[PDB]
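This report refers to the structure that appears directly beneath it.
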Protein chains: 2
Amino acid sequence: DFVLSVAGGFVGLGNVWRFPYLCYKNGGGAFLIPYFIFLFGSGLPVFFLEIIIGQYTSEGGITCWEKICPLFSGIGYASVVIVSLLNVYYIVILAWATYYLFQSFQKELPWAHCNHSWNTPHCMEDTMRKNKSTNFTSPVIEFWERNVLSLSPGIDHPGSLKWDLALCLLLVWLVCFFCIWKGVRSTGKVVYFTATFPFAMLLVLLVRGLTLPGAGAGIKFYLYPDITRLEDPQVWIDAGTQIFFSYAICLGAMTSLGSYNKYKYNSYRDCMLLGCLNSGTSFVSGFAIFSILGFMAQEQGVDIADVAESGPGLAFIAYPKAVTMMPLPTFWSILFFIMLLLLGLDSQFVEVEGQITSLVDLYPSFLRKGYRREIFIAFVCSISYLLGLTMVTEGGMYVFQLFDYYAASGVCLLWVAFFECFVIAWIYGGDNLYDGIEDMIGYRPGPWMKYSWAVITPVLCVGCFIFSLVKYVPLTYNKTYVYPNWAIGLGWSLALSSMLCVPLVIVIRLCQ
Amino acid sequence: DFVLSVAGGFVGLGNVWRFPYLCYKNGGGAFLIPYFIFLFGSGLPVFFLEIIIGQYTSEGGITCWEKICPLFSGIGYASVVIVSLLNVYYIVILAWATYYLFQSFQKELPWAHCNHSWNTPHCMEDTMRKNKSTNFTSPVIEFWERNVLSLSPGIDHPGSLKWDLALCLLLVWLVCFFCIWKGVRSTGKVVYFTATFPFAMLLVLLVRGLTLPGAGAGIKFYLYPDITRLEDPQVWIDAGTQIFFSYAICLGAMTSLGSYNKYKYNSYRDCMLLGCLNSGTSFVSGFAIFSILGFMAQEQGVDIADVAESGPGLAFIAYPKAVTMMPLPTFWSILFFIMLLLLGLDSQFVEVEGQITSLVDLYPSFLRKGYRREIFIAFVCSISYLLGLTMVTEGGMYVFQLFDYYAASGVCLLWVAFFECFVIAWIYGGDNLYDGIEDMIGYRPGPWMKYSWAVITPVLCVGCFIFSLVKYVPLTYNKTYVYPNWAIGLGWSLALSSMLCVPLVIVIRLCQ
Ligand SMILES: CC(C)CCC[C@@H](C)[C@H]1CC[C@H]2[C@@H]3CC=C4C[C@@H](O)CC[C@]4(C)[C@H]3CC[C@]12C
Ligand SMILES: CC(C)CCC[C@@H](C)[C@H]1CC[C@H]2[C@@H]3CC=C4C[C@@H](O)CC[C@]4(C)[C@H]3CC[C@]12C
C-alpha cells in the first residue's frame, strides 16, 4: 500500500505545474542552483528523516511528534492545516484541468485561434506577427484569463461566480469522494497505466518541445543563471519551498507511508531512488516547457521574461500551445488533459485521506468507523468545497495566489521544516536516531544528513527567514499587480494559522 | 549475480550502435514497424522462454537443450559459435572506441577540422558549404575512413596492418582478461556509476540532438515509414536480427542468467520490464542520432539517405559530431568515449565468460579449476586476438561487415530462433512448459506467447527465410561496394558453421 501512495500523494502537479512556474518567476537558471543546494542540503535528508521516523514509530504524523518529545508536538497540527489549505486549491487546479478537458471535446481547440465572442478584439493570431496598440497578446493567454477565469481587474472586485468552473469543481470533489468512501486504491486497476502514461507523454512533450526551433533560447534561459537574482531572497525561499512542495514533505501524509513500511525494512534506498527521480522528472519537465517558452519567445519577438504570463497556470498555457502545434491536436490535447487529472487525483486521493486518518483518531468517541465517518467525509468535502468556491469567482485567481504563496509555501514550509530538524538533532539526538536506523535498515546511514539536520538545514531555513524579514518585497501577480495591505494580512494570517500551531501547543502542553 | 549481467551482457552497443545503423540502412521509419511486430511477436516471448527454461533446468545453455530433448541439442553448440563470432568483432568495436578515446586526449579534436596530413585535399569544412568535384565529404567521415581505418579500395587488397589499432585491441583484450581471471564482477565498484552514467548522457545527447535545428527532418525520417521498402525482404531480416542482437538472445549467455535466478522466483516481470526498457533506450537513442543525422542532412544539402556513411561505425560519426557542436567538446568527447567502453566491456565481460563456463564443463577432465583454466583463458583470448587482427588490417572493415551481417545476424539468428520455439511448442509442448511456470512464478503466464511460439514466431522466422531465398540481393557496403563471390561464400560458411551445428548433431546423436 505504501508504494501506491508513492505514485500518488508523493507525486504532485507542482513538479510539472509549479516547478516551471517557480523557475520562470525567479529569473531563469538562477533558480536551479538554490534548487539543487536546497535539495542536497535539506530535501533528501529531511525526506529520509520523516520516512524513517514514521517507520520507527509505526504511527501517525501527529502522534509521532508527541512520542519523540511532548514539547514541540504542534508540527502535526500545522501539517493538518497545511494539507487542508493545500487541498482547497489543488482541487481547483484539477477543476481547471477538467474544464479545459471538456472544452477540448471539439473538432477545433478553442485556444487554437481567437475569433470567438469572449476574445478581446485586440487579440491577434500567434503565427502572423512576424509575417507582417503595440501590446499584442496571444489567444492561449486570453483563453486562460477570460474564457477560463474571467479575471477581475482587482481582488477588491470579486464579481459574479462562474458556474462552469463550479460544476467542474463539483465533479472532481465527487470523484475524490466516492473513491475514498468505497476504499478505492489510489491507482485504478493496473498501476502501470497510472504510471507509464505520465512518463511516456512528458517524453512526448519533451521530444517535440526540444524539436521546436526556439528550444535553444529556452534551455539557455533554463540553465544559465544570474548572480544578481541570487541576492534578492525570494529566489531562495521559492527554491526551498519547491522542495517542500514537490516531495509533499512537512504535510504528515508521508509519515503514514513510514508506518506502512515494515519496521525491519530498508527504506533508505527507496527514499533517494524516488527522491532523485522526482527531481529528475521535474528537471526533465523543465526542459520541455522552457523550450516551449523559448519557442514562443523568439516567435512573438518578446523577451523570455515576459513572453509568458507570470501567474499560476503556466502549465495551462505552454503545453496546450504545444499540442496545438503538435499534429492531430485534438487527440494529444485530450490525453495530456487526462493525465493532469491522473497526476493530480492520485495525489489528491492520498493527501486528502491523510488528514482524514489523522482526524479520525485525533477526535475519538465521535468518529467511529461507520455512520459517523461517512458524514465526516461529506462534511470535510462540503466545507472545503465552499472554501473552494472562492476561486470559482472571477476574482478568485488573486485569492488563488494567496494560498499558493502563503498557505502551503513561503515561510510556512521553512518554519515547519526548521522545527522538524531542530527537534531530532538537539533534543532527541541524531546519534540516537541513527542507532535505530542501523538496526532498521541493517547498516548505518551516512553522517552527511546528520550534519544537514544539525547546521546545514537549520541555517538554510533560518537564513532565508531573516533575509525575507529585512528585504521584505510584497508579493505581486504577473509582476504587474500589487495586492492591498489587508490582502497580505489575510495571506499571512493563513501562514500564522499554520505558524501558531507549534508555539501555542507548548503553552497548551505546559499548563496541565 | 543475475542482475549484474542484465546491466552487462544483456545491454549491448547494438542498441546505440547497430540499431541506428540497421534503421538507417533500411530506409527510415519503414524499419520501425517490422521492428515492433518482430519484438511483440517473438522477441519478448522467446526472451521469457529462454529465461524460464534456464531457470527451470538451473543448468547451462548446452545442457538444457539436451535435457528438453536428446534430439535438436545442437542449439547450444550453435550458440557457442555465435558468441565466439560475436566477440571477435565486438572487441574490435571497443578497440575503435579506445583508439578514438586516445585521439581525443588533445586540446582540439582531430575530426573538428580536416587540415592534417591524412585528410584528402578534397575534404572541406562542415559549416561553410552553404555560406559559400561536386562530391564534397565531411571531416568526420574522412577521419573514420582513413585516420581510423585507412580503408582499402577492395577486400582483395588487405594492405599493411595498422599498429595503432592493434595496441588498442591489445588493451581491451587484456582488460577483459584480467577481470575474468581475477573474478571481477561485470560492474566495477558501485553498479550505479556503471548504470546512471550511460542513461544520463544518452539524455544529454538527446537534449542537444533534439535541440539541433535539423531534428525535424530526422524525426520525420525516423518515424514515417515507406511501404515500398517493406516489400524488399532485407528490412524484415534486419529488424528481426536487431531483436536477436540487442537482447543478446540465442547466444546461451542469458541461459546462465536463468540458472542464476531462484527456481521458485517470478522472473516473468523482470523479462518484460527490462525488455521494454531495452527497446525504449534503443528507440530513445534513435531520436538523438537521427536528429543529428537530420541536423547534418539539412546543413550539407544532401538527402538523409546519403548524408551519412552506410557502413558500421555510424555511432562513431554522429555522436562525435554532436560533442564537437556541444560546448566544451573535449570534456564531452571523453565522457561519451568512456561509456562506449562502459557499455561494451560489461557486455563483453558477461558474454565472453558465457562460453568459458560453457566450455569448461563441455570438455571435463582437462579444464579443471586452477592451472588448466588459466592457460585456457589465455588460449581463448590469444586465438580470438589473432582472428581479431583481420579487422586491424586496412581492408578489415570489409571483413568486419561479413561477421556483422552473417556471423551473428541475418539468417543465422532466424534459423536458431525458429528451432528454439519449434522444440518447445510441438515436441515438449507449450502447455507442459506453462505447467511448470504456474508453479514457478506463482501464476499462469498469458497464452499469447504460447501461440507466438506456436505459429507467429515460426511463421516470422520461416517467412523471411524464403523471402531471402527467392529475392536474394547480395550484401553491399555503403550501398556502393559489391563483394566478390568468394567473399560471400566465406560469410555464408560462417553462417553454415553455425547452421550445421543442429543438423549434424541429430546425425551424430542417432549413431550411438
Ligand atoms: C539531466 C542531466 C543529465 C542534466 C542535463 C544535461 C546537462 C549536463 C546540461 C549541462 C550543459 C547543458 C548544455 C549547455 C548549452 C547548450 C547550448 C544550447 O543551444 C542547447 C542546449 C545545450 C547543448 C545544453 C544541453 C544540456 C546540458 C549538456
Ligand atoms: C517513446 C514513445 C512514447 C514514442 C515517442 C512519441 C510518439 C508517440 C511519436 C508519434 C508521432 C510523433 C510526432 C510525429 C511528427 C512530428 C513532427 C516533427 O516535426 C517533430 C516531431 C513530431 C512532433 C513527432 C514527435 C514524436 C511522436 C509524438
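With ideal geometry, Cβ positions are generated from the backbone for all residues, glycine too; neighbour counts draw on all protein chains shown. Any read-out appearing in this document is the output of simple, stated calculations on the displayed coordinates, not a laboratory observation.
Structural remarks
- Hey, B:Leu335 among the hydrophobic types (A, V, I, L, M, F, W, C) and not in a helix (DSSP H, G or I) or not: no
- Failed criterion for B:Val207 (all others in (1) under 21 Å from B:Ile334 (Cβ atoms); (2) away from chain A (no Cβ under 14 Å) hold): (2)
- Among the conditions (1) among the β-branched types (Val, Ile, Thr); (2) within 16 Å of ligand 1 (Cβ to nearest atom); (3) surrounded by fewer than 24 Cβ atoms within 10 Å (Cβ to Cβ), B:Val323 misses just one, which is (3).
- As for segment A:193-201, it holds at least one residue that is of a type outside the set (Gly, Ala, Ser) and either more than 22 Å from the chain's Cα centre (by Cα) or under 30 Å from A:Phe376 (Cα atoms) (or both).
- For segment B:1-81, the helices (runs of 4 or more DSSP H) that sit wholly inside it and include 2 or more residues that are more than 22 Å from B:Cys464 (Cα to Cα) and under 20 Å from the mean Cα position of the chain (by Cα) are B:2-5, B:44-57.
- Within segment B:207-284, helices (runs of 4 or more DSSP H) holding 1 or more residues that are within 16 Å of ligand 1 (Cβ to nearest atom): B:215-223
- Flag if A:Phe403 is assigned to a helix (DSSP H, G or I), hydrophobic (A, V, I, L, M, F, W, C) and either buried (at least 19 other Cβ atoms within 10 Å of the Cβ) or in contact with a strand residue (DSSP E or B) (Cβ under 9 Å, 6 or more places away or on another chain) (or both): yes
- Given (1) within 13 Å of ligand 1 (Cβ to nearest atom); (2) over 24 Å from A:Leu277 (Cα atoms); (3) not in a helix (DSSP H, G or I), index of the condition A:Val184 fails: (1)
- Tallying residues that are crowded, with 20+ Cβ neighbours inside 10 Å and within 10 Å of chain A (Cβ to nearest Cβ) within segment B:215-237 yields 3.
- Residues (aromatic (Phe, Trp, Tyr), within 16 Å of ligand 1 (Cβ to nearest atom) and under 24 Å from the mean Cα position of the chain (by Cα)) located in segment B:285-306: B:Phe287
- Pairs meeting the criteria (first residue in segment A:267-281 and farther than 23 Å from A:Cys23 by Cα, second residue of a type in the set (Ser, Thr, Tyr), beta carbons under 9 Å, at least 6 apart or on different chains) are A:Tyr268/A:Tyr443.
- Residues of segment B:209-235 that turn out to be among the basic types (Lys, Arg) and within 16 Å of ligand 2 (Cβ to nearest atom), as a count: 1
- Evaluating A:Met391 against the criteria (1) touching a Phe, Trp or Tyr at 6+ places or on another chain (Cβ under 7 Å); (2) outside any helix (DSSP H, G or I) leaves one unmet condition, (2).
- Residues satisfying the stated conditions in segment A:138-176, i.e. within 18 Å of A:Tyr477 (Cα to Cα), in contact with a strand residue (DSSP E or B) (Cβ under 6 Å, 6 or more places away or on another chain) and surrounded by fewer than 19 Cβ atoms within 10 Å (Cβ to Cβ): A:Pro158
- Residue check for B:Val172: more than 14 Å from every other protein chain (Cβ to nearest Cβ), within 25 Å of B:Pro34 (Cα to Cα) and more than 16 Å from ligand 2 (Cβ to nearest atom): no
- Qualifying residue in segment A:106-117 (condition: of a type in the set (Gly, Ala, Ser), under 17 Å from A:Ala322 (Cα atoms) and in a loop (DSSP other than H, G, I, E, B)): yes
- Positions within segment B:181-196 being within 14 Å of chain A (Cβ to nearest Cβ) and touching a helix residue (DSSP H, G or I) at 6+ places or on another chain (Cβ under 8 Å), in sequence order: B:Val191, B:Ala195
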